[PDB]
């Protein structure tokens, strides 16, 4: 009768998704990771450089991870096919390894026992959702596997939706100034598919490709062809900011832009898109659970039709919470 969750991979998104589940009362029945044994999972979950010590209890005993006295099964399978998901009640599975992105690859979870799969990363072919934008397009019959898109897409789409629906977006170009991540290197090292991403992450501003802005045009079809962008990786370990430069159809004096965002944040997009007029900086959004926080004082307009809009996101914490939100939402629709 209840929503139960299994997590594949115990990287940053895996661990932070478990925190978000504990916060929101969602029961996690198991974690799979081939390289991290239970006693080490305890340590990695407990201590976090970015988000502080876990605010409950974390122990292991009897080969089990134990979080707030909830016992969590631990497997060590190298391949999704091997995971005894049936042995833990066929949970919804979060697929967070970053290496099984296609519907096909992910589907090994289903063969193994998983009721649904949320891929915590963009997917080439799996259907893609952004809470607050298009979750009511989830089709429980035909969708056994979904993607929660990217952290960056989750920041941008709520905002794009609001601006477009109010003023119409003729065209826009996005920069995200983004914290470095686990895919980067501490000092100049090998990154043969993307040379810049090898260069030392703490020393450099690193230009990087991203599909995030374009992905927005998939969860918001009417923006097809009107959005793209790029990224600069900078030396901060978490929190990122969207810089959307857009041409708007209807006149859009900045006061009306502020009132539109405010109304969305107070109403339909509450808990997803937030609004602030404070003199904020990136660390003020560490631990923020919103997908997108509009920075009113930071944006600039050239005129009533050409504007730069600024929105923050905790690229780790916002997105992890949205994965749990998606799971909960899906579960409330799969009982039909």
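Residue numbers count along the first chain shown, from 1.
- For the two regions 292 to 300 and 35 to 43, the entry's Cα B-factors average higher over 35 to 43.
- The stretch 94 to 102 shows the higher mean C-alpha B-factor when 173 to 181 is compared against 94 to 102 in the entry.
- Highest CA B-factor among 309, 272, 65, 281, as stated in the entry: 65.
- For the set 191, 111, 152, 255, the maximum C-alpha B-factor listed in the entry falls on 111.
- The deposited CA B-factor of residue 238 belongs to the lowest third of values across its chain.
- Ranked against the other modelled residues of its chain, the C-alpha B-factor of residue 267 as given in the entry falls in the middle third.
- Split the chain's modelled residues into thirds by C-alpha temperature factor. Residue 158 is in the middle one.
- Ranked by Cα temperature factor within the chain, residue 322 sits in the middle third according to the deposited record.
- Ranked by C-alpha B-factor against the other modelled residues of its chain, residue 9 falls in the middle third.
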